[PDB]
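See structure below.
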Amino acid sequence: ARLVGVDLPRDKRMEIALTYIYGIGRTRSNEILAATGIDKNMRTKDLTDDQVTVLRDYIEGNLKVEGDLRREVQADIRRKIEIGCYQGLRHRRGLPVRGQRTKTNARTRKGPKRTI
Amino acid sequence: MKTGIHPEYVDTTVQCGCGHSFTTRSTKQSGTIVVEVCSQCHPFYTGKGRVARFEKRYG
Amino acid sequence: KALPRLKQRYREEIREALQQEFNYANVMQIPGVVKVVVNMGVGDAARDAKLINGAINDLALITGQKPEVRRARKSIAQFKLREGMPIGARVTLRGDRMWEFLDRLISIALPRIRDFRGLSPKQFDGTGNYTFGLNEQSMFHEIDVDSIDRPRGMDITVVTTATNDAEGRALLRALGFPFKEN
Amino acid sequence: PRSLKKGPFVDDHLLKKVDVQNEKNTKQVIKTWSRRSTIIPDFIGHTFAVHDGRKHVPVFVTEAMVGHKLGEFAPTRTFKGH
RNA sequence: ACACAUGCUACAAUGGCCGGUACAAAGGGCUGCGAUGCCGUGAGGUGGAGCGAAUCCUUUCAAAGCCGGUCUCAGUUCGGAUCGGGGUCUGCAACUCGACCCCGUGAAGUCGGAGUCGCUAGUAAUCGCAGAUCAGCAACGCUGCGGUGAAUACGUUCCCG
RNA sequence: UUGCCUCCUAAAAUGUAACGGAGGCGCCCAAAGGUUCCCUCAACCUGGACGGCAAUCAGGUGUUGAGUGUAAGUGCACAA
Ligand SMILES: [Mg+2]
Ligand SMILES: [Mg+2]
Ligand SMILES: [Mg+2]
Ligand SMILES: [Mg+2]
Ligand SMILES: [Mg+2]
Ligand SMILES: [Mg+2]
Ligand SMILES: [Mg+2]
Ligand SMILES: [Mg+2]
Ligand SMILES: [Mg+2]
Ligand SMILES: [Mg+2]
Ligand SMILES: [Mg+2]
Ligand SMILES: [Mg+2]
Ligand SMILES: [Mg+2]
Ligand SMILES: [Mg+2]
Ligand SMILES: [Mg+2]
Ligand SMILES: [Mg+2]
Ligand SMILES: [Mg+2]
Ligand SMILES: [Mg+2]
Ligand SMILES: [Mg+2]
Ligand SMILES: [Mg+2]
Ligand SMILES: [Mg+2]
Ligand SMILES: [Mg+2]
Ligand SMILES: [Mg+2]
Ligand SMILES: [Zn+2]
Numbered sequence: 002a003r004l005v006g007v008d009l010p011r012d013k014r015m016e017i018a019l020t021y022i023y024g025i026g027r028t029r030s031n032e033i034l035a036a037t038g039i040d041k042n043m044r045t046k047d048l049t050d051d052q053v054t055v056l057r058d059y060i061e062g063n064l065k066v067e068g069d070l071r072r073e074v075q076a077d078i079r080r081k082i083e084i085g086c087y088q089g090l091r092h093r094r095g096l097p098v099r100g101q102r103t104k105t106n107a108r109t110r111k112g113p114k115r116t117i
Numbered sequence: 001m002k003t004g005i006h007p008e009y010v011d012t013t014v015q016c017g018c019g020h021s022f023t024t025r026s027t028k029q030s031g032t033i034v035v036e037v038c039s040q041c042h043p044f045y046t047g048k056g057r058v059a060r061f062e063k064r065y066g
Numbered sequence: 006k007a008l009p010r011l012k013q014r015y016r017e018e019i020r021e022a023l024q025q026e027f028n029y030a031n032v033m034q035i036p037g038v039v040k041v042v043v044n045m046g047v048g049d050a051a052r053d054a055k056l057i058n059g060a061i062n063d064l065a066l067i068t069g070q071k072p073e074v075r076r077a078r079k080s081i082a083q084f085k086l087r088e089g090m091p092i093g094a095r096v097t098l099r100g101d102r103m104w105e106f107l108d109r110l111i112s113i114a115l116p117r118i119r120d121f122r123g124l125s126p127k128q129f130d131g132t133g134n135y136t137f138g139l140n141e142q143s144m145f146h147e148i149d150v151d152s153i154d155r156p157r158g159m160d161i162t163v164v165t166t167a168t169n170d171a172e173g174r175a176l177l178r179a180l181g182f183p184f185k186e187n
Numbered sequence: 002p003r004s005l006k007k008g009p010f011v012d013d014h015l016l017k018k019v020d021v022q023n024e025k026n027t028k029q030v031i032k033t034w035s036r037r038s039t040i041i042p043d044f045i046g047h048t049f050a051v052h053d054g055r056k057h058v059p060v061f062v063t064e065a066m067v068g069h070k071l072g073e074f075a076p077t078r079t080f081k082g083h
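Residue numbers (the UniProt record's numbering), protein chains in the order written: chain G, 2 to 117; chain D, 1 to 48, 56 to 66; chain B, 6 to 187; chain H, 2 to 83.
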């Protein structure tokens, strides 16, 4: 189907299908589908246009998802990067921000291994 | 209008969840398009601080 | 004994709107819109001749008339390109079809853009013609999501009789085009 | 994070110093060794010399910096690379 | 910017997730262990029954197990790193530097080259539990406790001592 | 080095030497030939999803600076 700018996968149970939306994950799925009253055990084939309407209305109502969410998170990172906060210096360097161990690991921040 | 080379241009009717109807030309051979969002629906057409975040917590 | 809706809305309202706003000496100097050109530059058609055949079906489905392939008129090294390799496709829209496409685009396609914050008013060039790009052909409804190989972008340009950017902006504004304000 | 039940932490030392500073309307450079006090709206325009352990660093508090501990804006260790 | 070493979690279907249900051993407790109840979604909050403890609390204590449903081989309902927001508790104080919870985020990774290590039965493999240090914890460590439980040993030519 | 083609030398017809100065050729094309009909570049400016000095799209300025299978000259926008 089509929901909030996304394209829902061909066959998935709806609680898994809604997770392709960038602002939603399994728990928010078991919230949204409980509130709307749409069974989570349905396919994406058996979804209707009306059901898509109730869904879009609800999750645009109480939840921020997708593009606005990304813009907002990016906005938080550049917010703390500008004020010259410690975490900001870390984001600049491309190192681990949470106080983790940079002597050995941290490759997921640094990226692939570049030898000397 | 060279005769054969073009895709067929049908008459078409566009229907929306907000009730708006449109009568247009389209390439859809059915001749009917049901669509979710339009010029009337969309929140852009219709127009839809750290210290505050501090005083909300503590105040 | 027939009529497209936007041609109608133009002839009856917008015309008088602009005539009240800009106070033209003659009724002729009223800007109308000449043509709408749609263009898909491929560029990887230098490497693969198959992609052009995808571009063709795209435009031909979206517009409703068969595209016109363009040769490369120069030969360039860095882009791996010679003269006579088909590079990109172009469709010119005039009269009725122009109007109907403009309407489907204004009323349907553009509201279906992912994170649509509107269009920049700044895209006019000096003469009051308006060009804007698009990232993915998935927005249009005559094109099926199911059948796409790969998202491909296209340029839409609306070229007008407008003399400057003010007049053109006013014309498209009146026409239902979603401009941001700055 | 410190729990909300306790409220935000500012040591009484620079609490008193910044109060005396903004009641006389003078904005001075206050010399503080406390890394551990969170920033309050009372501090919003002032300027601090904070201890990084080797020296005192100039810190101009702005609006964006509220809700943060002081030490974050004076970095400790120096790394210029290899 | 790196290289080494020991570990843990993985790369999935002998599996993941939801629901129901059965079985341990050992331990720990005074300004300590803290129950029913109530408030939370959950870390926990309020509260203090009862215990210097074969009695009370750690729930009657487990998890893998068994029954059932769903997922259908995919970078996925696999994987959890990373990062954003929002919290709780300890503590004069969680910035440099704590743990935990909640929402989102969802990277490498498709059984790993040359090489190399451990193990001969309640052993390997796998599953949780407790303890010491300790206000809190970098515990995936260490010392113990039990659960379920294999394969193979022709034989001394070869490598090691 | 030796034949053929173009410029300069060459002294405003033609012609004109040197072991004077520069280059080319010993082919290509079944269309790059014949004809009818249509069109105008290069460069520069503004604007456009990848896309950048430069790909394709739009608009503007631009009388010839592009382009002519292949050297160079004489020509060709009236178009060769
Ligand atoms: Mg114009
Ligand atoms: Mg070593
Ligand atoms: Mg370890
Ligand atoms: Mg395990
Ligand atoms: Mg697991
Ligand atoms: Mg999982
Ligand atoms: Mg269970
Ligand atoms: Mg025993
Ligand atoms: Mg409860
Ligand atoms: Mg029970
Ligand atoms: Mg996953
Ligand atoms: Mg990979
Ligand atoms: Mg696999
Ligand atoms: Mg191997
Ligand atoms: Mg032995
Ligand atoms: Mg401890
Ligand atoms: Mg002569
Ligand atoms: Mg002569
Ligand atoms: Mg003479
Ligand atoms: Mg002579
Ligand atoms: Mg020669
Ligand atoms: Mg010919
Ligand atoms: Mg042009
Ligand atoms: Zn609508």
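Quick reminder that beta carbons are idealized off the backbone N, C-alpha and C, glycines included.
- Nearest neighbour of residue 4 of chain D by Cα position, chosen from B:69, B:79 and B:137, turns out to be B:69.
- Contact between the stretch 73-82 of chain G and the stretch 134-148 of chain B is absent: fewer than three C-beta pairs spanning the two stretches fall below 8 Å.
- Among the residues of chain G, those whose CB is under 7 Å from the CB of residue 76 of chain H are 87 and 90, following chain order.
- Proximity to residue 11 of chain D across B:9, B:125 and B:56 peaks at B:9, based on C-alpha coordinates.
- The Cβ of residue 71 of chain H sits no closer than 8 Å to any Cβ of chain D.
- For residue 47 of chain D, there are no C-beta contacts with chain G under 9 Å, since the nearest C-beta of that chain is about 15 Å from it.
- Residue 135 of chain B carries a strand assignment under DSSP once its states are collapsed to helix, strand and coil.
- With respect to chain D, the C-beta atom of residue 16 of chain H has no partner C-beta closer than 8 Å.
- Annotation: Cβ neighbours of residue 120 of chain B in chain G (cutoff 9 Å, chain order): 6, 67, 68, 69, 71 and 72.
- Using a Cβ distance threshold of 8 Å, residue 24 of chain D and residue 109 of chain B count as a contacting pair.
- Using a Cβ-Cβ cut-off of 8 Å, residue 82 of chain G does not count as an interface residue toward chain H, since no Cβ of chain H sits closer than that to its own.
- Within 7 Å of the C-beta of residue 86 of chain G there is not a single heavy atom belonging to ligand 24.
- Its chain contains no residue whose beta carbon lies nearer than 8 Å to that of residue 78 of chain H once the 5 sequence neighbours on both sides are disregarded.
- Secondary-structure assignment with DSSP links residue 73 of chain B through a beta bridge to B:95.
- Here the alpha carbons of residue 177 of chain B and residue 15 of chain B stand approximately 11 Å from one another.
- For residue 34 of chain D, the neighbours in chain G by C-beta distance under 7 Å run, in chain order, 50.
- By the Cβ-count criterion, residue 93 of chain G is exposed, with fewer than 16 other Cβ atoms from all chains shown falling within 10 Å of its own Cβ.
- The beta carbon of residue 70 of chain G sits closer than 8 Å to the beta carbons of 23 and 24 from its chain, once the five residues preceding and following it are set aside; these are given in chain order.
- The Cβ atoms of residue 149 of chain B and residue 6 of chain G lie no closer than 8 Å to each other.
- Neighbours of residue 57 of chain D in chain H, taken as residues whose beta carbon is under 7 Å from its own, are 64, 65, 67 and 68 in chain order.
- Counting C-beta pairs closer than 8 Å gives fewer than three between the stretch 89-106 of chain G and the stretch 50-62 of chain G, which falls short of the contact rule.
- At a cut-off of 8 Å between beta carbons, residue 164 of chain B makes no contact with chain G.
- By DSSP's assignment, residue 5 of chain G forms no beta bridge with any residue.
- Between residue 17 of chain D and chain G, the shortest Cβ-Cβ separation is below 8 Å.
- With a cut-off of 7 Å, the C-beta of residue 20 of chain D is classified as near ligand 24, since at least one heavy atom of the ligand falls inside that distance.
- Residue 62 of chain G carries a helical assignment under DSSP once its states are collapsed to helix, strand and coil.
- One thing to note: residue 32 of chain H has its Cβ no nearer than 8 Å to the Cβ of residue 46 of chain H.
- Judged by pairs of C-beta atoms under 8 Å, the stretch 75-95 of chain B touches the stretch 39-53 of chain B, as three or more such pairs exist.
- Contact of residue 54 of chain G with chain D is assigned, a C-beta pair being separated by under 8 Å.
- Neighbours of residue 8 of chain H in chain D, taken as residues whose beta carbon is under 8 Å from its own, are 65 in chain order.
- Here residue 126 of chain B is not near residue 31 of chain B, since their CB atoms are 8 Å or more apart.
- Residue burial is scored here from C-beta neighbours: residue 18 of chain D has fewer than 16 other C-beta atoms within 10 angstroms and is therefore classed as exposed.
- Each of B:104, B:35 and B:21 was checked against the Cα of residue 173 of chain B, and the nearest Cα belongs to B:35.
- Nearest CB-CB separation between residue 44 of chain D and chain H: not below the 8 Å threshold.
- Residue pairing by DSSP leaves residue 114 of chain B without any beta bridge partner.
- Nearest CB-CB separation between residue 30 of chain D and chain B: not below the 8 Å threshold.
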